[PDB]
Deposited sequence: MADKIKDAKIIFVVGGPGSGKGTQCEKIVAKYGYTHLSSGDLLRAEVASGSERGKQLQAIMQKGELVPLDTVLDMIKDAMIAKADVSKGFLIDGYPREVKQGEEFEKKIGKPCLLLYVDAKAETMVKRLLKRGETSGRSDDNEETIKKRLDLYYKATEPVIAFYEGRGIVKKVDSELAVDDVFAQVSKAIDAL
């Protein structure tokens, strides 16, 4: 499974809170059949388990802060292994969010062939979150934004240098955004 995974198409999806990551990923799953792994969903699944670990994660995520790298990466890796036998490709949604998170993923799992940069303005994100969990109040949204611009924007730079970033314009209507997404995936 390790080797299957290292040989799979691996797509990173990066974007600010409320930018449209999950929305576009669900469209990618429906059309292309990738195995969707949301870091948020995996973390919230742990919270919902009622485990002691979940309670810890709850406290972190409700404050809008980043969970320890090893915790989220281990979750994803295990999730990839469990799906490795049946998976046609992996869609990694909301990881990496730090340059170090990308590096450790490449060390422990494999190399991305594509990064979809789901690009939107902060203002757009804020109103999208507002119009739509426990991380939803004003203060938390701001911390989430802060962290994104501080920690996660360097990830885009990293993979632009790698040469695998395709920017999609998330200010467009969802289907027009997806048309950009499709163009990038069809090219793989």
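Participant: Numbering the deposited sequence from 1, which residue ranges have no coordinates here?
Facilitator: Hole in the chain trace, numbered from 1: 133-137.
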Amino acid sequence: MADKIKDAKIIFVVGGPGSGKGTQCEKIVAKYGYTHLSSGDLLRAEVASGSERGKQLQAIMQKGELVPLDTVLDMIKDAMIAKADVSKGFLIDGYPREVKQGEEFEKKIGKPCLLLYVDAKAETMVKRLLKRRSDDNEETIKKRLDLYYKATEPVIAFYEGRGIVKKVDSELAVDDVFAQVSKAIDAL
From here on, numbers count along this sequence of modelled residues.
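Participant: Please compare 74-82 with 111-119 and say which has the higher mean C-alpha temperature factor in the record.
Facilitator: Higher of the two, by average CA B-factor, is 74-82.
Participant: Averaging the C-alpha B factors as listed in the entry, name the stretch that ends up higher: 35-43 or 52-60.
Facilitator: If you average the C-alpha B-factors of 35-43 and of 52-60, the larger mean comes out for 52-60.
Participant: Which one, 29, 151, 145, 157, has the peak C-alpha temperature factor per the PDB entry?
Facilitator: Highest C-alpha B-factor among the listed residues goes to 145.
Participant: Using the temperature factors in the entry, find which of 14, 11, 25, 174 has the highest value at its Cα atom.
Facilitator: Highest CA B-factor of the listed options: 174.
Participant: Ranking every modelled residue in this chain by its Cα temperature factor as given in the entry, which third contains residue 184?
Facilitator: Middle third by C-alpha B-factor.
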